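Data first, discussion second: the structure below is written as structure tokens.
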Amino acid sequence: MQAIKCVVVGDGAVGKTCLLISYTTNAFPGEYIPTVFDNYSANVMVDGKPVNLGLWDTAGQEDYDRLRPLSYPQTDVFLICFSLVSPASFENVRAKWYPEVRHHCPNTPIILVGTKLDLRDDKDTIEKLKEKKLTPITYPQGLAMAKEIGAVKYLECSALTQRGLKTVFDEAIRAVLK
Amino acid sequence: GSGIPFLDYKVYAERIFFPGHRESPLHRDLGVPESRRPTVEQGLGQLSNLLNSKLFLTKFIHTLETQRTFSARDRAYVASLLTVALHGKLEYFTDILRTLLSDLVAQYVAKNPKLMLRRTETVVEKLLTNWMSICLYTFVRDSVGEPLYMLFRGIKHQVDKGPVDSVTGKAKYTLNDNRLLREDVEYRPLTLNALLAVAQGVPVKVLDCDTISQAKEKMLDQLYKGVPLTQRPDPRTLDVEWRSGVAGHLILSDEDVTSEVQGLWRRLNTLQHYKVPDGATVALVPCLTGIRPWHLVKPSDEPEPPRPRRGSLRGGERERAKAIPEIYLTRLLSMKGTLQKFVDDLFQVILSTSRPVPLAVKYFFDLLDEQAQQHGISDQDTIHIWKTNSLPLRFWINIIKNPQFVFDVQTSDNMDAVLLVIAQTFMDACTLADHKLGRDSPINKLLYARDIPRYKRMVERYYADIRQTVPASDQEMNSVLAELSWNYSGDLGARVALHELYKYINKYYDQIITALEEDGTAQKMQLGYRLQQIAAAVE
Ligand SMILES: Nc1nc2c(ncn2[C@@H]2O[C@H](COP(=O)(O)OP(=O)(O)NP(=O)(O)O)[C@@H](O)[C@H]2O)c(=O)[nH]1
Ligand SMILES: [Mg+2]
């Protein structure tokens, strides 16, 4: 047995809590309640080895900035989350999340996760952004950010559909091993 | 409110007998090899029998007290060593006390008798403190413990209702003007759901301005309600764990990475710092392992002392002692009002006359009346001082000042500050000096100005009503003293007390030997040769 500490960071309402509930209990929560410092646990097999993956959910609100670095010590892998539909959450990776993670943990690996993949191709979501004069974050746009922040791997996933979600946590353990 | 943490007689006695030791010096190994073990113990055994000789013991104390090297510290220590050695012979202990008191009265009659028993700089003075403590233990347990604990919990409850600075010690609610938090800081009360992971939730009333350590202290008082300090765990061994949702896992501390640091200052982490809300589940889990700190108000370090003027007298009053502003005095007078019920109850129980008065109090006050009578002292004020400097200012005042002598509790700097004001009021109640009041007058006199006259009348009627009742005979007292000796099982350090007493005999041997040889009765009793046999047996 080899326990791995994992901290999921990102902007408000990006889909961090949803991503963790959809992976652990295999069901989507739906109801939106802003989390403060929730914790989740799941035992997953990666490369024929038993891993007791420790999940740490953080608050996306700038009001809870003070308590956030308490989850950071002794962490094995980080997950910077941004919404693929919201370009403000993508810009917040460079301006808020990446320098905050490196300030407390400069030798801990980071993986850039593009939350809400199902809403990227949806007709109703694009119309809402077209009126606000905003364009959704494509794969080469998100990959360029992951290279800029020095992330080991870039993955896109959706909590509602479960597409790519199983790969996100699988590649997370792989980063710790090497 | 069930559970009063009364100290067991052993701990009570040890704390009172050896106040400046932390741990009883009698609880140690002799430091003598096993070869000399039978010969030394036999010598110490013979010393115990020699201490039973009234002529020896009286001459032994008198010789020691005439020496320059035998300090006040020695005088108080030797008196406590004799107390432990003669704890089983309290009838005889009191006979030795009586003899030494008569010697003291005789000395003070020819000087100023109003100055007798004012301090604890003689053997007889410390012996009286120990004597009062032995007799009054049950009285404190049976009647005085209930109001005294009510005052302690009372202050603790009221001080907790407002902010307290972890660094400076300044509190919103206090009786001392010097400990008052002059700046009104922004604070909000919070009711935390406390858990003990060492389980069911217990509600704890705290404030957002409290430090993690301050929160932890308030948590432990409810999670260990009717539990004494000795049974309670060390606060440093426990961590404060805040938990939200399904699983929390967050550890809060006074100093960590989240700490607010600006320049040469570092603010201590509060509950408001982490943004802990009302109703939040906080658990106590075990610990698994330049820049100046501040909490509420930044400490004002002033280079205030200037070089004084040539002719200027300075004075510790009138100019330096500025009249307390009404804004701060109202805050102190409001605090006095909250603790009034507890203060009044305590002083009523201590000075109760309708309730049975302990025989020890009656007997000793009858002895002081008799000592004044034999020496022709008619001045009632002189007799008043004598009684005051036996029992209120010898025993009671120290118990008020420090509850750790009686209870198994922890005492904060502000708790000690509040109790001091109360103790000073109790002192003014027994004192005969009339104070006019004004400006530079002490804090206790200003706060208890409306109550002191009534308290003075309580002490006045206490001595008077005790006098009016049938005198207490020695036959009447030594009966209670005999059962007091039998009641206590032992293990107070008598063997080690005899060894520590020999060290003083070894120090002043030649001086003691002359006193035992100059006296005719001592020569016939062969007390000198007896002391030589013990000296030869030990070394
Ligand atoms: N269609 C779709 N909706 C999602 C997805 N992820 C999250 N949502 C929705 O977007 C909202 C945010 O969910 P949430 O997990 O709480 O985001 P969060 O970042 O953890 N909030 P916080 O920053 O306060 O911790 C919810 O209303 C949720 O139903 C997704 O992958 N697909
Ligand atoms: Mg959340």
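We number each residue from 1, going along the chain as drawn.
According to its header, this structure was worked out by X-ray crystallography, 3.2 Å.
Each residue, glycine too, has its Cβ placed from N, Cα and C.
The GTP binding site annotation in Swiss-Prot covers A:12-18, A:31-32, A:34-35, A:59-60, A:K116, A:118-119, A:158-160, and the record cites experimental evidence as its basis. Every protein chain shown contributes to the tally, and the Cβ of A:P34 (GTP binding site) ends up with 12 other Cβ atoms within 10 Å. For the recorded site, A:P34 (GTP binding site), the DSSP three-state label reads coil.
According to Swiss-Prot, the ubiquitin cross-link annotation covers A:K147 (among others), on the basis of experimental evidence. The number of other CB atoms found within 10 A of the CB of A:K147 (ubiquitin cross-link), across every protein chain shown, is 11.
Following the DSSP three-state reduction, the secondary structure of A:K166 (ubiquitin cross-link) is helix. Around the Cβ of A:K166 (ubiquitin cross-link), the same chain contributes A:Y23, each under 8 angstroms and 6 or more positions distant in sequence. Per Swiss-Prot, the feature ubiquitin cross-link maps to A:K166 (among others).
For A:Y32, the entry in Swiss-Prot reads (Microbial infection) O-linked (GlcNAc) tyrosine, with the evidence type experimental evidence. If you take the C-beta of A:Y32 ((Microbial infection) O-linked (GlcNAc) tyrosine) and look for same-chain residues 6 or more apart in sequence within under 8 angstroms, you find A:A13.
Marked as (Microbial infection) O-alpha-linked (GlcNAc) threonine by Swiss-Prot on the basis of experimental evidence: A:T35. The Cβ of A:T35 ((Microbial infection) O-alpha-linked (GlcNAc) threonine) lies under 8 Å from the Cβ of A:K16, A:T17, A:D57, A:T58, A:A59, each of which sits 6+ residues away along the same chain.
What Swiss-Prot records for A:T35 is (Microbial infection) O-linked (Glc) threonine, and it gives experimental evidence as the kind of evidence.
Residues or ranges marked as (Microbial infection) O-AMP-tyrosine by Swiss-Prot: A:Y32.
Spatially close to A:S71 (phosphoserine) yet at least six residues away along the chain are A:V7, A:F37, A:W56, A:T58, judged by Cβ distances under 8 angstroms. The annotation phosphoserine is assigned in Swiss-Prot to A:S71.
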| request: Work out how many Å separate A:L119 (GTP binding site) and A:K147 (ubiquitin cross-link) at their Cα atoms, rounded off. | output: 24
| request: List those of the recorded positions A:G15, A:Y32, A:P34, A:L119, A:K166 whose Cβ lies under 6 Å from any atom of ligand 1, in sequence order, or write none if there are none. | output: A:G15, A:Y32, A:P34, A:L119
| said: Please list the recorded positions from A:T35, A:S71, A:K147 whose Cβ falls under 6 Å of any atom in ligand 2. | reply: A:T35
| query | Do the recorded positions A:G15, A:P34, A:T35, A:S71, A:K147 include any whose Cβ comes within less than 8 Å of a Cβ in chain B, and which? | reply | A:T35, A:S71
| message | A 10 Å Cβ contact count, applied to the binding-site residues A:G12, A:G15, A:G60: which residue has the minimum? | response | A:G12
| request: Check each residue in the chain of A:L160 (GTP binding site) that is at least six apart in sequence and keep those whose C-beta is under 8 Å from its C-beta; list them in sequence order. | output: A:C18, A:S22, A:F28, A:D118
| remark: By a three-class reduction of DSSP, A:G15 (GTP binding site) is assigned coil
| note | For A:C18 (GTP binding site), the number of neighbouring Cβ atoms whose distance to its own Cβ is within 10 Å equals 20
